[PDB]
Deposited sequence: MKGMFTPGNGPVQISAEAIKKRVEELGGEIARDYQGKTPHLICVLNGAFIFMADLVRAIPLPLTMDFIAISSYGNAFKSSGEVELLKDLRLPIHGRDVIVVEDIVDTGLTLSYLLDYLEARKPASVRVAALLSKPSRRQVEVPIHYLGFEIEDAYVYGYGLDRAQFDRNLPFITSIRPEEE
């Protein structure tokens, strides 16, 4: 009974699957000979993370963190590691900006960002996104891990509501 909202942004499970596989392939190529450490930003990015890692045929480690201050700390060391932050959607960029400064403080070998979506018209602070799934217009999206008042994270596709 998965039903799309009536918003302007709509991305099918098929379109998402293909893009994620493409991103995984790019990462595998860019990180050949390396062992990246992917950090999933909970809760929204967990499905993107699950699909993305399965498309990266390289030896790698993972960790999970919650941010909003951080509600969940890192468990594995990141110093000297080639880190890849996995985000759901970059809106104003404030959260990612804070996260990047936090991670850089531990002196990782490098840090790149993978994000399923980005709403650049809302950007308040410039943050990098090396692996972007889709650039979209300003709209509240949900599904594929992203919530609407805690619900709808289970929709296999990305949908949205009207600003109304």
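Numbering the deposited sequence from 1, one finds several regions with no C-alpha coordinates, namely 1 to 3, 72 to 83, 180 to 181.
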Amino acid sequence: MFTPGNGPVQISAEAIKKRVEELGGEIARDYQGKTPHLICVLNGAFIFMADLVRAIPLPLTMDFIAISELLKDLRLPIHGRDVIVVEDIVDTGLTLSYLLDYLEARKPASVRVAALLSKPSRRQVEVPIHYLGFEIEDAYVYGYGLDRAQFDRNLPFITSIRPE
From here on, numbers count along this sequence of modelled residues.
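When the two stretches 57 to 65 and 41 to 49 are set side by side, the higher mean Cα temperature factor goes to 57 to 65. Look at the C-alpha B-factors of 72 to 80 and of 87 to 95. On average they run higher in 72 to 80.
Within the selection 117, 125, 100, 113, the deposited Cα B-factor values reach their highest point at 125.
For residue 17, the recorded CA B-factor ranks within the middle third of the chain. Only modelled residues enter the ranking.
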